Amino acid sequence: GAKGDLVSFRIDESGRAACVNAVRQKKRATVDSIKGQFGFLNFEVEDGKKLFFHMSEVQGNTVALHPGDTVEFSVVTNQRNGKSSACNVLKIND
């Protein structure tokens, strides 16, 4: 079976600037809602555009990230559509 073991060497929540999707633009907010494989954070980018993310950007397991929980993400603006998305979603405790 697959063991989802971790290594105490490199994690994103440690402030990984060396690798990142958005230009040092890791934002932190709370999950507003989650729909199937997609989540939304309480971060309105434009006119009330709720920040969306896919469960693939989620921390490890798709069932490990819950709505109403604090998360860390990276807000990358779609230069094509104008909206943004959360990439590299980490579980945050508060």
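Caption draft 1: Main features of the packing of aromatic side chains. In this structure the tally under the stated criterion is 1 aromatic pair. Centroid distance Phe43 to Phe73: 6.0 Å. Interplanar angle 80 degrees. Geometry classified as edge-to-face. Here the residue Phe43 occupies a position in strand β2 (residues 38-44), and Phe73 occupies one in strand β4 (residues 70-77), the gap between them amounting to 30 residues. What makes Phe43 partly exposed here is its relative accessible area of 26%.

Caption draft 2: Fine view of the layout of surface pockets. Size it by volume and the largest pocket reaches roughly 250 Å³. Looking at the largest pocket, it is lined by 14 residues, and the ones nearest its centre are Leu6, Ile11, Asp12, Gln59 and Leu90. Its residues assigned to classes, the lining of the largest pocket shows 6 nonpolar, 3 polar and 5 charged.

Caption draft 3: Inspection of the side chain of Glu72 at higher detail. Tracing the backbone shows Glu72 in strand β4. Aside from chain neighbours lying at most four places away, what touches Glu72 is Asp12, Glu13, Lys26, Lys27, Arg28, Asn88, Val89, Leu90 and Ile92.

The rules behind the values
- Residues numbered from 1 in each chain as written, not as in the entry; some residues may be left out.
- Heavy atoms only, no water.
- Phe/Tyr/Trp six-rings, centres within 6.5 Å; stacked < 30°, edge-to-face > 60°.
- Helix = DSSP H or I, 4+ residues; strand = E, 2+ residues; numbered from the N terminus.
- Buried < 20%, exposed > 50% of the residue type's maximum accessible area, 1.4 Å probe, protein only.
- 1 Å grid on protein atoms, 1.4 Å probe; cavity = no way out; pocket = protein on both sides within 12 Å on 5 of 7 lines; lining within 4 Å.
- Points joined across faces, edges and corners; volume = space filled by probe spheres on them.
- Nonpolar A, V, L, I, M, F, W, Y, C, P; charged D, E, K, R; others polar.
- Contact = heavy atoms within 4.5 Å.

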